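Chemist: Supplied in structure tokens, the structure appears directly below.
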Number of protein chains: 2
Amino acid sequence: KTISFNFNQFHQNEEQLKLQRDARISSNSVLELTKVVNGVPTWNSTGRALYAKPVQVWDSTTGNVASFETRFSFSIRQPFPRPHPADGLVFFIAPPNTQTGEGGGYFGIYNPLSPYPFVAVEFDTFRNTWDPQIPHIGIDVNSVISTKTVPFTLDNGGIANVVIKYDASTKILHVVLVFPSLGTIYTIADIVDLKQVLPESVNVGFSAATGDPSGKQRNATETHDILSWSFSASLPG
Amino acid sequence: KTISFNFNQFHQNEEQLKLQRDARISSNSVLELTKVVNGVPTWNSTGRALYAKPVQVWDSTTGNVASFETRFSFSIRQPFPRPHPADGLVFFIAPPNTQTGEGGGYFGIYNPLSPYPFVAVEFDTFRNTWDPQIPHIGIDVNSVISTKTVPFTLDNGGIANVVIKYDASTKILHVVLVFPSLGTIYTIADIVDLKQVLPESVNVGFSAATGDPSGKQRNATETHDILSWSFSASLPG
Ligand SMILES: *[C@@H]1O[C@H](CO)[C@@H](O[C@@H]2O[C@H](CO)[C@@H](O)[C@H](O)[C@H]2NC(C)=O)[C@H](O[C@@H]2O[C@@H](C)[C@@H](O)[C@@H](O)[C@@H]2O)[C@H]1NC(C)=O
Ligand SMILES: *[C@@H]1O[C@H](CO)[C@@H](O[C@@H]2O[C@H](CO)[C@@H](O)[C@H](O)[C@H]2NC(C)=O)[C@H](O[C@@H]2O[C@@H](C)[C@@H](O)[C@@H](O)[C@@H]2O)[C@H]1NC(C)=O
Ligand SMILES: *[C@@H]1O[C@H](CO)[C@@H](O)[C@H](O[C@@H]2O[C@@H](C)[C@@H](O)[C@@H](O)[C@@H]2O)[C@H]1NC(C)=O
Ligand SMILES: *[C@@H]1O[C@H](CO)[C@@H](O)[C@H](O)[C@H]1NC(C)=O
Ligand SMILES: OC[C@H]1O[C@H](O)[C@H](O)[C@@H](O)[C@H]1O
Ligand SMILES: OC[C@H]1O[C@H](O)[C@H](O)[C@@H](O)[C@H]1O
Ligand SMILES: [Ca+2]
Ligand SMILES: [Ca+2]
Ligand SMILES: [Mn+2]
Ligand SMILES: [Mn+2]
């Protein structure tokens with residue numbers, strides 16, 4: 001049992017993708033998770049992009065957990081340095097058929113009213129009360145309060161290469177963040193037991209959010225674009 | 001307690017480094033682990049470079065183990081494609097005052113008639129009987145038979161950026177290998193309990209080796225140069 005897909009670019013109305021909320025595919029093939037009008041990112045925006053088909057991360061019959069690798073490129077342009085860009089984007093895994101959660105610092109994956117489990121890798125750009133300095137990469141399990149975090153310096157408008165890998169045998173989830181133009185490399189890892197937090201079948205995808213109106217700052221925004229995305233999972237059995 | 005050092009280049013007669021065997025610092029700031037005469041790598045060569053001062057990875061009094069991060073750049077030029085370049089270079093941690101071990105596939109860190117413990121990250125370029133395909137990154141603990149391995153494609157003569165990170169809390173050792181010219185990223189991780197394999201005080205450094213005479217192949221060689229090296233360790237004790 002080994003699923004696998006890759007998108008070297010995105011075509012309008014991708015039959016393979018499921019767009020939610022403000023997420024849209026631009027004319028030139030980029031996946032814009034958050035609203036951007038006339039080259040200008042907007043606040044009060046939230047969008048998700050899920051891979052249309054559910055993937056099986058573990059089998060209850062055998063007890064086996066899948067290993068997976070996912071690579072993608074993103075770009076975050078922060079047009080307004082003052083007072084503070086927000087909020088960031090995440091790659092996540094959650095039960096199938098979920099609805100967009102709260103925006104702002106919750107990236108659209110956390111729903112306080114009705115919480116669903118989820119594992120996510122965040123690229124946080126706004127410092128909430130529960131956050132260490134930003135920007136930072138964080139590993140989230142059922143909460144936006146990261147288990148592990150590492151700070152990084154964003155290449156404004158530049159391209160970012162990300163590699164997220166999970167080894168079922170060691171239960172190690174390690175992510176690598178590289179900004180090819182700056183030559184900088186950021187790494188973070190932690191132990192996560194998928195079998196323990198997620199159901200056998202899940203959805204994989206992205207979610208992003210810009211400044212929440214409650215913050216009263218229209219400048220709290222930025223773009224959250226995804227240029228490419230490949231995914232591979234291998235469930236032995 | 002925190003320790004750290006940085007080398008943006010290397011200077012001849014460096015007081016902070018301890019060179020062993022064939023290791024020498026070139027006129028233009030590169031650390032040549034293995035012998036190279038007039039722009040040509042030689043076989044039957046072995047060299048190590050250790051950081052002059054010992055570092056404390058764990059404290060017996062508190063039982064605490066240190067976390068550390070090390071970044072370095074290396075270059076391996078393989079002039080003779082046939083029959084097979086050899087053998088590779090490694091970054092290692094060992095008890096202080098050890099001497100260069102056997103060359104060839106032992107990289108100079110393993111001494112059969114007087115084994116000492118060690119944790120090492122290898123960049124193997126020659127396939128010994130105990131090796132999977134090469135080149136490959138491997139995590140070695142007391143043995144050249146890696147616990148975990150990952151294949152990679154070398155950028156012949158190109159520059160390679162490496163990031164090795166160890167988190168005491170999770171005991172996760174993760175290494176990242178990036179070839180900026182090719183834009184390729186390789187990642188590997190494993191669990192290693194330093195406190196369990198190493199003494200409180202250790203030496204950190206590099207070791208490399210070229211084809212062993214027993215192989216009767218003079219072309220079994222390559223360069224093993226290190227361009228830069230930074231280190232940082234944190235013992236909350
Ligand atoms: C919201 O983002 C705007 C775009 O960055 C800021 O406006 C720009 O602020 C500059 C100083 O930071 C100023 O030199 C520019 O002229 C101005 N751009 C224009 C013409 O709109 C804005 O900054 C505040 O509001 C503007 C109108 C000026 O009064 C600035 O002095 C203020 O700092 C950002 N708002 C906040 C709350 O920072
Ligand atoms: C050892 O490395 C040498 C450098 O590449 C090899 O010789 C080179 O072989 C090339 C094709 O194999 C040829 O184009 C080059 O002219 C030659 N370089 C020189 C000047 O020596 C060598 O290959 C062997 O020796 C040469 C002379 C030929 O007889 C080949 O057929 C041989 O394979 C390499 N030897 C080994 C052990 O592979
Ligand atoms: C944020 O986006 C939502 C859509 O998800 C808009 O409805 C919000 O507009 C505000 O609230 C609505 C209900 C209506 O009262 C409108 O006039 C308001 O502006 C929008 N929030 C803001 C502050 O723009
Ligand atoms: C290999 O090197 C050692 C010492 O560096 C030397 O004594 C020996 O003669 C060399 N062997 C060959 C065949 O070059
Ligand atoms: O002003 C922006 C700011 O608004 C609120 O404080 C949200 O909780 C933050 O995450 C951020 O969106
Ligand atoms: O020919 C080169 C080859 O020689 C022997 O087999 C060594 O054990 C190897 O590590 C390598 O040096
Ligand atoms: Ca935040
Ligand atoms: Ca080998
Ligand atoms: Mn955060
Ligand atoms: Mn090996």
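Letters A, B, ... mark the chains of the structure tokens in the order given; residue numbers begin at 1 per chain; ligand numbers begin at 1, in order shown.
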If the cut-off is 10 Å, can you tell me the residues of chain A near chain B, counting only C-alpha atoms? I'd like them as a ChimeraX atom specification.
Modeler: /A:71,161-167,169-178,180-181,183-191
Chemist: Mind fitting chain B onto chain A over all Cα atoms in sequence order and sending the result as a PDB file with C-alpha atoms, in the first residue's frame?
Modeler:
```
ATOM      1  CA  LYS B   1       0.713  -0.208  -0.463  1.00  0.00           C
ATOM      2  CA  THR B   2       2.199   3.098  -1.607  1.00  0.00           C
ATOM      3  CA  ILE B   3       0.553   6.369  -2.574  1.00  0.00           C
ATOM      4  CA  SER B   4       1.909   9.538  -4.126  1.00  0.00           C
ATOM      5  CA  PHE B   5       1.209  12.601  -6.213  1.00  0.00           C
ATOM      6  CA  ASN B   6       3.122  15.535  -7.658  1.00  0.00           C
ATOM      7  CA  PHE B   7       2.302  19.133  -8.543  1.00  0.00           C
ATOM      8  CA  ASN B   8       4.987  21.103 -10.380  1.00  0.00           C
ATOM      9  CA  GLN B   9       2.445  23.909 -10.512  1.00  0.00           C
ATOM     10  CA  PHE B  10      -1.281  24.153  -9.959  1.00  0.00           C
ATOM     11  CA  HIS B  11      -4.031  24.445 -12.551  1.00  0.00           C
ATOM     12  CA  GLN B  12      -7.310  26.263 -12.139  1.00  0.00           C
ATOM     13  CA  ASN B  13     -10.193  23.874 -11.426  1.00  0.00           C
ATOM     14  CA  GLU B  14      -7.824  21.095 -10.338  1.00  0.00           C
ATOM     15  CA  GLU B  15      -9.707  17.812  -9.816  1.00  0.00           C
ATOM     16  CA  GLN B  16      -7.170  16.441  -7.350  1.00  0.00           C
ATOM     17  CA  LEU B  17      -7.357  19.379  -4.939  1.00  0.00           C
ATOM     18  CA  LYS B  18     -10.176  20.540  -2.694  1.00  0.00           C
ATOM     19  CA  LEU B  19     -10.063  24.271  -2.070  1.00  0.00           C
ATOM     20  CA  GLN B  20     -11.802  25.806   0.947  1.00  0.00           C
ATOM     21  CA  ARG B  21     -12.670  29.391   1.896  1.00  0.00           C
ATOM     22  CA  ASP B  22     -10.401  32.049   0.380  1.00  0.00           C
ATOM     23  CA  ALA B  23      -8.006  29.530  -1.196  1.00  0.00           C
ATOM     24  CA  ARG B  24      -7.728  29.884  -4.961  1.00  0.00           C
ATOM     25  CA  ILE B  25      -5.345  28.981  -7.798  1.00  0.00           C
ATOM     26  CA  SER B  26      -3.897  31.985  -9.621  1.00  0.00           C
ATOM     27  CA  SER B  27      -3.797  32.292 -13.409  1.00  0.00           C
ATOM     28  CA  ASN B  28      -0.082  31.579 -13.446  1.00  0.00           C
ATOM     29  CA  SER B  29      -0.083  28.312 -11.507  1.00  0.00           C
ATOM     30  CA  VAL B  30       0.416  29.291  -7.882  1.00  0.00           C
ATOM     31  CA  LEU B  31      -1.831  28.159  -5.034  1.00  0.00           C
ATOM     32  CA  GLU B  32      -2.843  31.282  -3.116  1.00  0.00           C
ATOM     33  CA  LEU B  33      -4.102  30.149   0.293  1.00  0.00           C
ATOM     34  CA  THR B  34      -5.050  33.624   1.415  1.00  0.00           C
ATOM     35  CA  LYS B  35      -6.886  36.441  -0.342  1.00  0.00           C
ATOM     36  CA  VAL B  36      -4.819  38.843  -2.442  1.00  0.00           C
ATOM     37  CA  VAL B  37      -6.459  41.617  -4.496  1.00  0.00           C
ATOM     38  CA  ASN B  38      -4.444  43.279  -7.274  1.00  0.00           C
ATOM     39  CA  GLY B  39      -1.077  42.205  -5.930  1.00  0.00           C
ATOM     40  CA  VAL B  40      -1.993  43.161  -2.384  1.00  0.00           C
ATOM     41  CA  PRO B  41      -2.624  40.654   0.433  1.00  0.00           C
ATOM     42  CA  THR B  42      -5.778  41.200   2.461  1.00  0.00           C
ATOM     43  CA  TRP B  43      -6.511  40.730   6.168  1.00  0.00           C
ATOM     44  CA  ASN B  44      -9.397  38.686   7.606  1.00  0.00           C
ATOM     45  CA  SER B  45      -8.467  35.928   5.143  1.00  0.00           C
ATOM     46  CA  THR B  46      -8.338  32.167   5.608  1.00  0.00           C
ATOM     47  CA  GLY B  47      -7.894  29.365   3.103  1.00  0.00           C
ATOM     48  CA  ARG B  48      -7.116  25.651   2.936  1.00  0.00           C
ATOM     49  CA  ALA B  49      -6.141  23.242   0.188  1.00  0.00           C
ATOM     50  CA  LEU B  50      -6.597  19.520   0.786  1.00  0.00           C
ATOM     51  CA  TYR B  51      -5.626  16.606  -1.433  1.00  0.00           C
ATOM     52  CA  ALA B  52      -8.972  15.377  -2.781  1.00  0.00           C
ATOM     53  CA  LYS B  53      -8.397  11.750  -1.807  1.00  0.00           C
ATOM     54  CA  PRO B  54      -7.945  10.455   1.759  1.00  0.00           C
ATOM     55  CA  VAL B  55      -4.667   8.738   2.623  1.00  0.00           C
ATOM     56  CA  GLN B  56      -4.298   5.833   5.045  1.00  0.00           C
ATOM     57  CA  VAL B  57      -1.612   6.554   7.648  1.00  0.00           C
ATOM     58  CA  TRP B  58      -2.152   3.361   9.660  1.00  0.00           C
ATOM     59  CA  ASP B  59      -3.932   0.015   9.570  1.00  0.00           C
ATOM     60  CA  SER B  60      -5.907  -1.246  12.558  1.00  0.00           C
ATOM     61  CA  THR B  61      -5.621  -4.844  11.335  1.00  0.00           C
ATOM     62  CA  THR B  62      -1.826  -4.992  11.310  1.00  0.00           C
ATOM     63  CA  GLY B  63      -1.181  -2.126  13.714  1.00  0.00           C
ATOM     64  CA  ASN B  64       1.336  -0.787  11.181  1.00  0.00           C
ATOM     65  CA  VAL B  65       1.856   2.926  10.673  1.00  0.00           C
ATOM     66  CA  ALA B  66       2.896   4.570   7.419  1.00  0.00           C
ATOM     67  CA  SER B  67       6.088   6.466   6.712  1.00  0.00           C
ATOM     68  CA  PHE B  68       5.894   9.465   4.443  1.00  0.00           C
ATOM     69  CA  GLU B  69       7.815  12.240   2.765  1.00  0.00           C
ATOM     70  CA  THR B  70       6.436  15.503   1.444  1.00  0.00           C
ATOM     71  CA  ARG B  71       8.267  18.300  -0.289  1.00  0.00           C
ATOM     72  CA  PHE B  72       6.871  21.685  -1.197  1.00  0.00           C
ATOM     73  CA  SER B  73       7.833  25.234  -2.042  1.00  0.00           C
ATOM     74  CA  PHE B  74       6.163  28.303  -0.655  1.00  0.00           C
ATOM     75  CA  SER B  75       6.562  32.032  -0.694  1.00  0.00           C
ATOM     76  CA  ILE B  76       5.503  34.569   1.873  1.00  0.00           C
ATOM     77  CA  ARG B  77       5.649  38.192   0.800  1.00  0.00           C
ATOM     78  CA  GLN B  78       5.225  40.709   3.626  1.00  0.00           C
ATOM     79  CA  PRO B  79       4.356  44.099   2.019  1.00  0.00           C
ATOM     80  CA  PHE B  80       3.534  45.932   5.254  1.00  0.00           C
ATOM     81  CA  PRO B  81       6.418  45.624   7.778  1.00  0.00           C
ATOM     82  CA  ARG B  82       4.567  47.729  10.405  1.00  0.00           C
ATOM     83  CA  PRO B  83       2.917  46.843  12.759  1.00  0.00           C
ATOM     84  CA  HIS B  84       3.189  43.117  12.188  1.00  0.00           C
ATOM     85  CA  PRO B  85       2.669  40.577   9.367  1.00  0.00           C
ATOM     86  CA  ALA B  86       0.288  37.684  10.163  1.00  0.00           C
ATOM     87  CA  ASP B  87      -0.277  34.890  10.609  1.00  0.00           C
ATOM     88  CA  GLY B  88       1.521  32.137   8.721  1.00  0.00           C
ATOM     89  CA  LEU B  89       0.828  28.866   6.912  1.00  0.00           C
ATOM     90  CA  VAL B  90       0.927  25.218   7.877  1.00  0.00           C
ATOM     91  CA  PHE B  91       1.023  21.768   6.361  1.00  0.00           C
ATOM     92  CA  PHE B  92      -1.345  19.487   8.195  1.00  0.00           C
ATOM     93  CA  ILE B  93      -2.887  16.070   8.556  1.00  0.00           C
ATOM     94  CA  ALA B  94      -6.423  15.754   9.878  1.00  0.00           C
ATOM     95  CA  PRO B  95      -9.449  13.444   9.779  1.00  0.00           C
ATOM     96  CA  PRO B  96     -11.164  13.489   6.395  1.00  0.00           C
ATOM     97  CA  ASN B  97     -14.064  15.859   5.748  1.00  0.00           C
ATOM     98  CA  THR B  98     -13.098  18.499   8.326  1.00  0.00           C
ATOM     99  CA  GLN B  99     -14.048  22.119   7.732  1.00  0.00           C
ATOM    100  CA  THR B 100     -11.959  25.276   7.966  1.00  0.00           C
ATOM    101  CA  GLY B 101     -11.358  26.183  11.595  1.00  0.00           C
ATOM    102  CA  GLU B 102     -10.733  29.565  13.197  1.00  0.00           C
ATOM    103  CA  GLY B 103      -8.454  32.002  11.378  1.00  0.00           C
ATOM    104  CA  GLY B 104      -5.714  34.210  12.778  1.00  0.00           C
ATOM    105  CA  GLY B 105      -3.254  32.427  15.036  1.00  0.00           C
ATOM    106  CA  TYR B 106      -5.229  29.209  14.554  1.00  0.00           C
ATOM    107  CA  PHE B 107      -4.201  29.085  10.902  1.00  0.00           C
ATOM    108  CA  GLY B 108      -7.643  27.763  10.033  1.00  0.00           C
ATOM    109  CA  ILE B 109      -6.986  24.277  11.394  1.00  0.00           C
ATOM    110  CA  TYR B 110      -8.181  24.680  14.970  1.00  0.00           C
ATOM    111  CA  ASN B 111     -11.917  24.799  15.659  1.00  0.00           C
ATOM    112  CA  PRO B 112     -12.537  25.652  19.358  1.00  0.00           C
ATOM    113  CA  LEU B 113     -16.201  24.600  19.399  1.00  0.00           C
ATOM    114  CA  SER B 114     -15.554  21.251  17.709  1.00  0.00           C
ATOM    115  CA  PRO B 115     -11.866  20.299  17.976  1.00  0.00           C
ATOM    116  CA  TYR B 116     -10.543  17.545  15.738  1.00  0.00           C
ATOM    117  CA  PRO B 117      -7.114  15.937  16.105  1.00  0.00           C
ATOM    118  CA  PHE B 118      -4.304  16.977  13.770  1.00  0.00           C
ATOM    119  CA  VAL B 119      -0.557  16.947  13.240  1.00  0.00           C
ATOM    120  CA  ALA B 120       0.893  20.052  11.636  1.00  0.00           C
ATOM    121  CA  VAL B 121       4.120  21.778  10.725  1.00  0.00           C
ATOM    122  CA  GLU B 122       3.742  25.548  11.017  1.00  0.00           C
ATOM    123  CA  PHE B 123       5.609  28.546   9.661  1.00  0.00           C
ATOM    124  CA  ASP B 124       4.410  31.139  12.144  1.00  0.00           C
ATOM    125  CA  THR B 125       4.939  34.792  11.362  1.00  0.00           C
ATOM    126  CA  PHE B 126       2.881  36.476  14.067  1.00  0.00           C
ATOM    127  CA  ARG B 127       3.630  36.175  17.763  1.00  0.00           C
ATOM    128  CA  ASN B 128       0.526  35.221  19.716  1.00  0.00           C
ATOM    129  CA  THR B 129       0.532  35.014  23.533  1.00  0.00           C
ATOM    130  CA  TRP B 130       1.504  31.336  23.343  1.00  0.00           C
ATOM    131  CA  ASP B 131       4.276  31.921  20.775  1.00  0.00           C
ATOM    132  CA  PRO B 132       8.027  32.302  21.159  1.00  0.00           C
ATOM    133  CA  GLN B 133       9.837  34.801  18.913  1.00  0.00           C
ATOM    134  CA  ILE B 134       8.776  34.736  15.261  1.00  0.00           C
ATOM    135  CA  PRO B 135       9.163  33.748  12.576  1.00  0.00           C
ATOM    136  CA  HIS B 136       9.504  30.161  13.713  1.00  0.00           C
ATOM    137  CA  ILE B 137       8.950  26.614  12.542  1.00  0.00           C
ATOM    138  CA  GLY B 138       6.854  24.601  14.940  1.00  0.00           C
ATOM    139  CA  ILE B 139       5.584  21.064  15.255  1.00  0.00           C
ATOM    140  CA  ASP B 140       1.977  21.063  16.394  1.00  0.00           C
ATOM    141  CA  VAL B 141       0.004  18.107  17.741  1.00  0.00           C
ATOM    142  CA  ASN B 142      -3.704  18.794  18.422  1.00  0.00           C
ATOM    143  CA  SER B 143      -2.749  22.326  19.365  1.00  0.00           C
ATOM    144  CA  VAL B 144      -1.246  25.538  18.036  1.00  0.00           C
ATOM    145  CA  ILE B 145       1.069  25.478  21.067  1.00  0.00           C
ATOM    146  CA  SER B 146       4.057  23.777  19.412  1.00  0.00           C
ATOM    147  CA  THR B 147       5.827  20.845  21.057  1.00  0.00           C
ATOM    148  CA  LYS B 148       9.083  21.948  19.446  1.00  0.00           C
ATOM    149  CA  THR B 149      10.026  25.281  17.906  1.00  0.00           C
ATOM    150  CA  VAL B 150      12.937  26.742  15.947  1.00  0.00           C
ATOM    151  CA  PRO B 151      13.408  30.353  14.825  1.00  0.00           C
ATOM    152  CA  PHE B 152      14.190  31.323  11.243  1.00  0.00           C
ATOM    153  CA  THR B 153      14.700  34.461   9.151  1.00  0.00           C
ATOM    154  CA  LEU B 154      12.239  34.772   6.291  1.00  0.00           C
ATOM    155  CA  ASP B 155      13.346  35.570   2.771  1.00  0.00           C
ATOM    156  CA  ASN B 156      10.624  38.158   2.110  1.00  0.00           C
ATOM    157  CA  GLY B 157       9.007  37.265  -1.205  1.00  0.00           C
ATOM    158  CA  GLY B 158      11.753  34.724  -1.799  1.00  0.00           C
ATOM    159  CA  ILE B 159      11.208  31.011  -2.383  1.00  0.00           C
ATOM    160  CA  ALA B 160      11.348  28.471   0.426  1.00  0.00           C
ATOM    161  CA  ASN B 161      11.956  24.748  -0.017  1.00  0.00           C
ATOM    162  CA  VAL B 162      10.534  22.459   2.625  1.00  0.00           C
ATOM    163  CA  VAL B 163      11.054  18.782   3.255  1.00  0.00           C
ATOM    164  CA  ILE B 164       8.920  17.000   5.809  1.00  0.00           C
ATOM    165  CA  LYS B 165       9.730  13.378   6.531  1.00  0.00           C
ATOM    166  CA  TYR B 166       8.195  10.832   8.887  1.00  0.00           C
ATOM    167  CA  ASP B 167       9.740   7.468   9.771  1.00  0.00           C
ATOM    168  CA  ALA B 168       7.236   5.096  11.329  1.00  0.00           C
ATOM    169  CA  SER B 169       9.960   2.903  12.824  1.00  0.00           C
ATOM    170  CA  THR B 170      11.496   5.694  14.890  1.00  0.00           C
ATOM    171  CA  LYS B 171       8.383   7.896  15.015  1.00  0.00           C
ATOM    172  CA  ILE B 172      10.627  10.816  14.097  1.00  0.00           C
ATOM    173  CA  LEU B 173       9.087  13.745  12.258  1.00  0.00           C
ATOM    174  CA  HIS B 174      11.826  15.927  10.787  1.00  0.00           C
ATOM    175  CA  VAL B 175      11.365  19.061   8.735  1.00  0.00           C
ATOM    176  CA  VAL B 176      13.949  20.979   6.753  1.00  0.00           C
ATOM    177  CA  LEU B 177      13.531  24.577   5.658  1.00  0.00           C
ATOM    178  CA  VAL B 178      15.838  26.026   3.019  1.00  0.00           C
ATOM    179  CA  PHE B 179      15.890  29.476   1.429  1.00  0.00           C
ATOM    180  CA  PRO B 180      18.028  28.819  -1.691  1.00  0.00           C
ATOM    181  CA  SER B 181      18.644  32.543  -2.321  1.00  0.00           C
ATOM    182  CA  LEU B 182      20.077  33.140   1.152  1.00  0.00           C
ATOM    183  CA  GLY B 183      21.627  29.685   1.333  1.00  0.00           C
ATOM    184  CA  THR B 184      20.266  29.327   4.861  1.00  0.00           C
ATOM    185  CA  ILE B 185      19.174  25.953   6.284  1.00  0.00           C
ATOM    186  CA  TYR B 186      16.848  25.391   9.224  1.00  0.00           C
ATOM    187  CA  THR B 187      16.107  22.037  10.776  1.00  0.00           C
ATOM    188  CA  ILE B 188      13.725  20.734  13.444  1.00  0.00           C
ATOM    189  CA  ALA B 189      12.578  17.326  14.614  1.00  0.00           C
ATOM    190  CA  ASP B 190      10.407  15.662  17.241  1.00  0.00           C
ATOM    191  CA  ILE B 191       8.773  12.360  18.126  1.00  0.00           C
ATOM    192  CA  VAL B 192       5.138  12.007  17.188  1.00  0.00           C
ATOM    193  CA  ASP B 193       3.068   8.842  17.281  1.00  0.00           C
ATOM    194  CA  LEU B 194       0.544   9.222  14.451  1.00  0.00           C
ATOM    195  CA  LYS B 195      -1.291   6.026  15.402  1.00  0.00           C
ATOM    196  CA  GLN B 196      -1.879   7.605  18.789  1.00  0.00           C
ATOM    197  CA  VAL B 197      -3.303  10.925  17.569  1.00  0.00           C
ATOM    198  CA  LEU B 198      -4.866  10.295  14.165  1.00  0.00           C
ATOM    199  CA  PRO B 199      -7.468   7.961  12.662  1.00  0.00           C
ATOM    200  CA  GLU B 200      -6.550   5.360  10.028  1.00  0.00           C
ATOM    201  CA  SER B 201      -7.591   7.579   7.111  1.00  0.00           C
ATOM    202  CA  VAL B 202      -6.682  11.240   6.879  1.00  0.00           C
ATOM    203  CA  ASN B 203      -6.481  14.263   4.576  1.00  0.00           C
ATOM    204  CA  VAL B 204      -3.258  16.122   3.961  1.00  0.00           C
ATOM    205  CA  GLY B 205      -2.919  19.711   2.842  1.00  0.00           C
ATOM    206  CA  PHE B 206      -2.185  23.317   3.683  1.00  0.00           C
ATOM    207  CA  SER B 207      -3.950  26.092   5.558  1.00  0.00           C
ATOM    208  CA  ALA B 208      -3.014  29.730   6.054  1.00  0.00           C
ATOM    209  CA  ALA B 209      -4.446  32.880   7.603  1.00  0.00           C
ATOM    210  CA  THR B 210      -3.942  36.638   7.671  1.00  0.00           C
ATOM    211  CA  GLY B 211      -4.538  39.145  10.457  1.00  0.00           C
ATOM    212  CA  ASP B 212      -7.798  38.719  12.342  1.00  0.00           C
ATOM    213  CA  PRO B 213     -10.140  41.767  12.452  1.00  0.00           C
ATOM    214  CA  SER B 214     -10.082  41.685  16.261  1.00  0.00           C
ATOM    215  CA  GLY B 215      -6.472  42.871  16.073  1.00  0.00           C
ATOM    216  CA  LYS B 216      -7.705  46.043  14.364  1.00  0.00           C
ATOM    217  CA  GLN B 217      -4.613  46.070  12.150  1.00  0.00           C
ATOM    218  CA  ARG B 218      -5.308  45.949   8.441  1.00  0.00           C
ATOM    219  CA  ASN B 219      -1.564  45.682   7.766  1.00  0.00           C
ATOM    220  CA  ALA B 220      -1.414  42.390   9.657  1.00  0.00           C
ATOM    221  CA  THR B 221      -1.227  40.362   6.462  1.00  0.00           C
ATOM    222  CA  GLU B 222       1.020  38.744   3.875  1.00  0.00           C
ATOM    223  CA  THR B 223       0.779  36.256   1.066  1.00  0.00           C
ATOM    224  CA  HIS B 224       0.809  32.495   1.611  1.00  0.00           C
ATOM    225  CA  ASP B 225       1.566  30.995  -1.789  1.00  0.00           C
ATOM    226  CA  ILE B 226       2.500  27.419  -2.573  1.00  0.00           C
ATOM    227  CA  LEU B 227       4.423  26.864  -5.779  1.00  0.00           C
ATOM    228  CA  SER B 228       4.795  23.073  -5.899  1.00  0.00           C
ATOM    229  CA  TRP B 229       3.886  19.999  -3.867  1.00  0.00           C
ATOM    230  CA  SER B 230       4.814  16.306  -3.925  1.00  0.00           C
ATOM    231  CA  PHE B 231       3.691  13.588  -1.540  1.00  0.00           C
ATOM    232  CA  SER B 232       4.502   9.938  -0.964  1.00  0.00           C
ATOM    233  CA  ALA B 233       3.336   7.483   1.714  1.00  0.00           C
ATOM    234  CA  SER B 234       4.134   3.861   2.518  1.00  0.00           C
ATOM    235  CA  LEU B 235       1.896   1.564   4.527  1.00  0.00           C
ATOM    236  CA  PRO B 236       3.418  -1.946   4.596  1.00  0.00           C
ATOM    237  CA  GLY B 237      -0.169  -3.064   5.178  1.00  0.00           C
TER     238      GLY B 237
END
```
Chemist: Apply DSSP to the structure's backbone, then extract all residues of region 16-236 of chain A labelled strand (DSSP E or B) and return them as a ChimeraX atom specification.
Modeler: /A:17-21,24-25,31-32,36-37,40-41,46-51,55-56,58,65,67-75,87-94,119-124,136-141,148-151,160-167,172-179,184-191,201-210,225-234
